[PDB]
RNA sequence: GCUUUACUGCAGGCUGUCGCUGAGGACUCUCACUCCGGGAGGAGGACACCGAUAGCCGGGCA
RNA sequence: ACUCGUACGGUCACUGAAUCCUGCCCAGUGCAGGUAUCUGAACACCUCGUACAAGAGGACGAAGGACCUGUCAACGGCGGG
RNA sequence: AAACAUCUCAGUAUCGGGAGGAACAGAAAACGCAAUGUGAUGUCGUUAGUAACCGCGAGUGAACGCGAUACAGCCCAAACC
Ligand SMILES: [Cl-]
Ligand SMILES: [Cl-]
Ligand SMILES: [Cl-]
Ligand SMILES: [Cl-]
Ligand SMILES: [K+]
Ligand SMILES: [Mg+2]
Ligand SMILES: [Mg+2]
Ligand SMILES: [Mg+2]
Ligand SMILES: [Mg+2]
Ligand SMILES: [Mg+2]
Ligand SMILES: [Mg+2]
Ligand SMILES: [Mg+2]
Ligand SMILES: [Mg+2]
Ligand SMILES: [Mg+2]
Ligand SMILES: [Mg+2]
Ligand SMILES: [Mg+2]
Ligand SMILES: [Mg+2]
Ligand SMILES: [Mg+2]
Ligand SMILES: [Mg+2]
Ligand SMILES: [Mg+2]
Ligand SMILES: [Mg+2]
Ligand SMILES: [Mg+2]
Ligand SMILES: [Mg+2]
Ligand SMILES: [Mg+2]
Ligand code: NA
Ligand code: NA
Ligand code: NA
Ligand code: NA
Ligand code: NA
Ligand code: NA
Ligand code: NA
Ligand code: NA
Ligand code: NA
Ligand code: NA
Ligand code: NA
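Below you can see the structure in the form of structure tokens.
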């Protein structure tokens, strides 16, 4: 047979790539020598094409102009601060250690300085639970408890644009326009709707997968489709 | 069928009739150093290994008699034609 | 009396022992941050180089080369192949790493010719060899009664034709008797059977 | 639409042009590579052994 | 061409073992090696990666 | 490559707007989890053997399997008397 | 090979790199007509479809020596300076 669609993806061709050249900025936390003195003002709120959410334009004291992952509640004129001594208000960035337990946070760094990795999508937020001199326990939106270096910087508040998922696309057309702003091939043809040659589920006089749909983790690419290493399926029980 | 464990009969070594003792040939064990063993190691490689990759044979519904005739006096054994027999039990 | 050199040699017989052991542990760290081909002012194994033909003279260059360890980096078949040839993992090239090194080095110095090469250790994935190269255009070498032979035109690109040290050994030309039926006077002339 | 005649009409593109190197009209002006002498890809000239019968 | 619990094999995944690899049937450390950091330094750490090999799965492919 | 992306994400699949609904079955097959015991390769280790070696055997035992459990909006099934 | 998997086609077709007018080889850690013997290397004739390989199938297949051609033998490293 032929490579299945998952295998074409890997190749990173035009069809599969994301319109990078159309993206605005790689939202990352600033780098501060130390002191925390670093502060800046919100100059404007712009739409981020890569995340379908708002992004804040900020002018820092030392002349630096950069876009920032804006939490809900940030407006023009506001003053944001970044550093160990930053005040504890929404929009400000400071290590998990300096953050008070029980406070919602977003755009968390996995390892100090990486610039933030966790909780950055629409309306999500992490939950700083436990402190320590060694470990900072944070609950990520997936519900997982993430043990982190209390040095990892994070932003106070919840990511802007919450509720996006509450409204249905309603029509293909609307998915279409969104999909075009992402690195994804759309629409999706069902395997079972293809020919044997094209997908392990293809073929037959009627549509139905050939074998069961749960596949082993060890399955090779080309065969790994359907329910991947599923721990269970269905709703019952 | 039944078969006496001992009985008189010609001994090709002694060259005269004497009491022989019958036993079922116990399968010897291999050294794994014969020529054929080396060829298998030597000749097997990437892909199908030819003969050494073959599918196992079958079995006849009944096997022939596989015995040893041990001479009671000179102690030297001798082999005979076997004959199909579903089962062979010695008497005493 | 033992030459000072004889010590350099003695030490390298067991490159994982004593002082040289700690030297490698030290060097390799710098080596792993170095390039594929780095010229070096002096041979790490003086005895070795000199023994091979080295001389602290004008027109003689030495360079350390890093080659990946292991079997051949091979791409699986994209068309019909009988089992025997569906091979990928266990296939190994017929040219030893040292010889690859010699070539890589030589290409980096297009005007120079390979004289000989030697090993200088290896970590978990690299293998380093030092190659001695010669400028067949620099007098002093043209005028050296012990190397001027490499200036001859007949020697243009010795490595690429396997006229090297490891070249001839790799071509199975070591023995003069039994075993070299398909080796001498050349693999190609023997229909490529060794 | 037929892939034949009716699809012949749109062919007003220029591709293979006179090669500055070998003079054949095979210099692909979009690729800046000659399909005949390899100019633009190889310093050495394009040549293969299958261009002639094996024993000749 | 296609399929599969047809035959034989081949990639790939998992796993044990060896080399890189070091100090004092469970354990600490740091020096290789790896990642994070502009740097200072931080995390990890003899594992991982990579090289070799062994067992299992293996129409993804021949 | 996805990704100037970070679970309100994105990948992989099934079904195919709305409305009323979506029962019973984990034996087989698949996937996943656990596992006293059993099975389970090679290196290193022990025994025999060989002034060495081939080789025979033992001890230890990973993933896997046996075995147990979960799971059908997983493949599928929902009869005779 | 009257299928076909080792085997064969074949180290062939084809691909990458490179020299010369010829290339390559070459002065024994050789041979081993076992010798009180030969004496760098190619090549030609023969040894020989011999020995050896091989679902011991089909097929595959040398060497020493001998007769010829042409002959040619040297330089470092180190010891001591
Ligand atoms: Cl979406
Ligand atoms: Cl019997
Ligand atoms: Cl060269
Ligand atoms: Cl002789
Ligand atoms: K074939
Ligand atoms: Mg980024
Ligand atoms: Mg949805
Ligand atoms: Mg609308
Ligand atoms: Mg697109
Ligand atoms: Mg669809
Ligand atoms: Mg169809
Ligand atoms: Mg298929
Ligand atoms: Mg349907
Ligand atoms: Mg269906
Ligand atoms: Mg094999
Ligand atoms: Mg057409
Ligand atoms: Mg990095
Ligand atoms: Mg097939
Ligand atoms: Mg439909
Ligand atoms: Mg045939
Ligand atoms: Mg020749
Ligand atoms: Mg036959
Ligand atoms: Mg042959
Ligand atoms: Mg001989
Ligand atoms: Na189907
Ligand atoms: Na062999
Ligand atoms: Na050169
Ligand atoms: Na060979
Ligand atoms: Na077909
Ligand atoms: Na079941
Ligand atoms: Na089940
Ligand atoms: Na035939
Ligand atoms: Na056929
Ligand atoms: Na064969
Ligand atoms: Na004679």
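Residue numbers (the deposited numbering), protein chains in the order written: chain A, 1 to 237; chain 2, 1 to 92; chain L, 1 to 194; chain Z, 1 to 56. For each residue, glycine too, the CB sits at the ideal point set by N, CA and C.
Looking at residue j and residue i, is the spacing between their C-beta atoms short of 9 Å?
i: residue 56 (chain A); j: residue 80 (chain A); result: yes
i: residue 3 (chain 2); j: residue 89 (chain 2); result: yes
i: residue 158 (chain L); j: residue 113 (chain L); result: yes
i: residue 52 (chain L); j: residue 165 (chain L); result: yes
i: residue 128 (chain A); j: residue 96 (chain A); result: yes
i: residue 249 (chain A); j: residue 121 (chain A); result: There is no way to answer for residue 249 (chain A), as the model of chain A reaches only from 1 to 237.
i: residue 147 (chain L); j: residue 133 (chain L); result: no
i: residue 21 (chain 2); j: residue 70 (chain 2); result: yes
i: residue 33 (chain Z); j: residue 25 (chain Z); result: no
i: residue 74 (chain 2); j: residue 39 (chain 2); result: no
i: residue 109 (chain L); j: residue 63 (chain L); result: yes
i: residue 100 (chain A); j: residue 73 (chain A); result: no
DSSP state of residue i, grouped into three classes?
i: residue 87 (chain L); result: coil
i: residue 48 (chain A); result: strand
i: residue 212 (chain L); result: The requested residue 212 (chain L) is not part of the displayed model; chain L covers only 1 to 194.
i: residue 225 (chain A); result: coil
i: residue 35 (chain 2); result: helix
i: residue 22 (chain Z); result: coil
i: residue 192 (chain A); result: helix
i: residue 80 (chain A); result: strand
i: residue 214 (chain A); result: strand
i: residue 190 (chain L); result: helix
Work out the CA separation of residue j and residue i for me, nearest whole Å.
i: residue 32 (chain A); j: residue 82 (chain A); result: 8 Å
i: residue 29 (chain L); j: residue 69 (chain L); result: 17 Å
i: residue 188 (chain A); j: residue 172 (chain A); result: 12 Å
i: residue 64 (chain A); j: residue 38 (chain A); result: 10 Å
i: residue 85 (chain 2); j: residue 76 (chain 2); result: 25 Å
i: residue 15 (chain Z); j: residue 6 (chain Z); result: 21 Å
i: residue 87 (chain A); j: residue 18 (chain A); result: 37 Å
i: residue 197 (chain A); j: residue 74 (chain L); result: 27 Å
i: residue 72 (chain L); j: residue 43 (chain Z); result: 28 Å
i: residue 123 (chain L); j: residue 171 (chain L); result: 27 Å
i: residue 92 (chain L); j: residue 34 (chain A); result: 55 Å
i: residue 115 (chain A); j: residue 126 (chain A); result: 16 Å
i: residue 242 (chain A); j: residue 161 (chain A); result: Outside the displayed span of chain A (1 to 237) sits residue 242 (chain A), for which this structure offers no information.
i: residue 11 (chain 2); j: residue 177 (chain L); result: 57 Å
i: residue 68 (chain 2); j: residue 1 (chain 2); result: 17 Å
i: residue 185 (chain L); j: residue 15 (chain A); result: 57 Å
i: residue 48 (chain 2); j: residue 83 (chain L); result: 6 Å
i: residue 18 (chain Z); j: residue 80 (chain L); result: 39 Å
i: residue 163 (chain A); j: residue 123 (chain A); result: 7 Å
Please indicate yes or no: does the CB of residue i lie closer than 8 Å to some heavy atom of ligand 2?
i: residue 82 (chain 2); result: yes
Confirm the yes/no value for this check: CB of residue i, any heavy atom of ligand 6, distance under 8 Å.
i: residue 27 (chain A); result: yes
Less than 8 Å separating the Cβ of residue i from some heavy atom of ligand 25?
i: residue 212 (chain A); result: no
i: residue 113 (chain A); result: no
Cβ of residue i versus every heavy atom of ligand 12: is any distance shorter than 8 Å?
i: residue 200 (chain A); result: yes
i: residue 196 (chain A); result: yes
Could you check whether the Cβ of residue i sits closer than 8 Å to any heavy atom belonging to ligand 16?
i: residue 3 (chain Z); result: yes
Using a Cβ-based criterion (distance less than 8 Å to any ligand heavy atom), does residue i qualify as near ligand 28?
i: residue 95 (chain L); result: no
i: residue 178 (chain L); result: no
Ligand 11 heavy atoms versus the CB of residue i: any closer than 8 Å?
i: residue 106 (chain L); result: no
Examine ligand 3 and report whether any of its heavy atoms sits within less than 8 Å of the Cβ of residue i.
i: residue 153 (chain L); result: no
i: residue 113 (chain L); result: yes
Regarding residue i and ligand 8, is the C-beta to nearest heavy atom distance less than 8 Å?
i: residue 180 (chain A); result: no
Is residue i near ligand 14, judged by its Cβ being under 8 Å from some heavy atom?
i: residue 189 (chain A); result: no
| message | Beta carbons nearer than 8 Å to chain 2: which residues of the stretch 68-90 of chain L have them? | response | Taking 8 Å as the Cβ-Cβ cut-off against chain 2, the residues of the stretch 68-90 of chain L that qualify are 82, 83, 84, 85, 86, 87, 90.
| task | Below 7 Å between beta carbons is the criterion; list the residues of the stretch 40-51 of chain 2 that meet it against any residue of chain L, in chain order. | result | Result list: 46, 47, 48.
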